[PDB]
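Following this are structure 1 and structure 2, which are two forms of one protein chain, each written alone as structure tokens.
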Structure 1
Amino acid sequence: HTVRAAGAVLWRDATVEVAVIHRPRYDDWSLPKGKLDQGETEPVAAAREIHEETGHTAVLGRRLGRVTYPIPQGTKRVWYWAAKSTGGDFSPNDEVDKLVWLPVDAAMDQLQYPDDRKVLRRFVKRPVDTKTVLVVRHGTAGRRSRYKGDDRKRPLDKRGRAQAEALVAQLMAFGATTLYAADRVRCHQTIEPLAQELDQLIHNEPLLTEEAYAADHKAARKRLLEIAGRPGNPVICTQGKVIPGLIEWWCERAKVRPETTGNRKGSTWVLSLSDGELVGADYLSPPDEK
């Protein structure tokens, strides 16, 4: 069998130091990680494990790949994120009796596992103090053909409503702060729950609809870059025939290679930016898939 897990390179600005945790059961030094709970997405599990094992709150940034290791029951697969500490503090807990904050070179020597050193090597390979643009395809909204009335007003269905609710924890894991939605009800409804959680208004985006994008893709590219340049971590909820065009264009321009890809309803692209440059493009499956 295969056990899905998530973890992080937790880091702080002491000047970058990384957290290394000691687990006395095994007597080893590692990166924080743990298994996904039922219904949990990898990013939400990573943030929870950071809090349970280190005592810190954090904001996830760039994805740092996956590590597979054998366990008695079969295989454990762990997706890792860079995670900047935002608060909290370490007190000993069930799994961890010691935490040390080390510069990356010293942390590399402290780690027990070759695959944790590979993760830390990926961490240092690019900027970590990043901002994040979260591009979300709206949730499930039934069929255009079975809908009577303006297609623009077609609402989320029950499943899509559930996806919208499940996206709050996932987008908050990345420190979402500002909200944008293509001019379609189904796009606004996907981030409505997040708008209530943040108490933030959704800015309507006429240029990022399928129809607008098809007629004027250059206006849409320029609008994406403008949103990306504003302070904060914006969420942009749009449509299936818009997102691949925008993501592939930006990744080809920046020479960024996405490790995963897809375009499902409810999916999220985490775009990591440093000083205006794209440095990561991480596709997350819908919260009720995978």
Structure 2
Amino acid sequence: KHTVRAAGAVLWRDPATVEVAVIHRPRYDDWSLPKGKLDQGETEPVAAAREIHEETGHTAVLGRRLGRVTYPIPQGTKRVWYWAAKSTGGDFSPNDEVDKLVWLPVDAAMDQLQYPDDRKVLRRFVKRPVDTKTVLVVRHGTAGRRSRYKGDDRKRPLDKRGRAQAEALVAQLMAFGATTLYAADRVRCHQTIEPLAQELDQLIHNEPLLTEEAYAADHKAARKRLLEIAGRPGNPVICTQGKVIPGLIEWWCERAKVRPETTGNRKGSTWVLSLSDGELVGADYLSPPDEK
């Protein structure tokens, strides 16, 4: 019942002109997908990108999540979450840890991959488009407790934990190539993405239509705004509140017939919404960075 957490990827480059990376490890004499264990304090996406780079030499942008693999190891259970990862370049160099890397079309990769569960992940990869754009919907970080007053507490700030969540989110949102920033009209939403804003040197666009009060008064306007943001070029981060996110995510998944594999709505959590030709093809719920 102890889980060793890991992550990795189907690393790909230019549906069926695509080539994917398969690695060989001398220690096990295996052919598999690049992946590795999370370091203390890392989230799965951050670890996937790091391990891809360490094992293949490539940087990449993570897209759609492609499922979970588990198997027994002496310490308990190895758990690996996999992403589609588009190469943004690099060069492999053989070493003692990974001695070969082959770029293969999917059919040939299917034969090269020795583990059934890697083949399962690769089947998931080909099931939907992988050249995706990404919308990142983030519930703001922890911000103490609502006051006894009516409504919201417009200026209530992140607490110490929440400020740490905000800092931890930078690496997680960068893993997906976030480029533009949007926050509902509450201090705690802006503060969650301020560290990212500082990192990108971008301003945060204020969104009065996406607050809890606004969604409860005019949900259609909130939905319309979400779609307007998502249609703009780049990969937007939109930080908003707990009474808003589940309704927006459910409505989009329903209209697009997308089934999320995981669900939740925790403060500091992220939904990764993958779009292909402006249609939703994936909705992946990530835990807060300091939670499992």
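Only residues modelled in both forms are compared. The term rigid core refers to the maximal set of C-alpha atoms that superpose within 1.5 Å between the two forms. Residue positions are counted from 1 along structure 1's sequence.
Asker: Any CA movement of 2 Å or more for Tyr113 between structure 1 and structure 2, core superposed?
Answerer: Moves: no, less than 2 Å.
Asker: Can we say the CA of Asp199 moves by at least 2 Å between structure 1 and structure 2 when the core is superposed?
Answerer: No; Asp199 is a residue whose C-alpha shifts by less than 2 Å between structure 1 and structure 2 when the cores are overlaid.
Asker: Establish whether a shift of 2 Å or more occurs at the C-alpha of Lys148 between structure 1 and structure 2, with the two forms superposed on the rigid core.
Answerer: It does shift by 2 Å or more.
Asker: May I ask for the C-alpha shift of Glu42 between structure 1 and structure 2, in Å, based on superposition of the rigid core?
Answerer: The alpha-carbon displacement, core-superposed, is 0.5 Å.
Asker: Superposing on the core, what C-alpha displacement does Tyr69 show between structure 1 and structure 2, in angstrom?
Answerer: Comparing between structure 1 and structure 2 after core fitting, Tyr69 shifts 1.2 Å at its C-alpha.
Asker: Once the core is lined up, would you list the consecutive runs of at least three residues whose Cα atoms each shift 2 Å or more between structure 1 and structure 2?
Answerer: Segments displaced between structure 1 and structure 2 after core fit: 72-74, 146-150.
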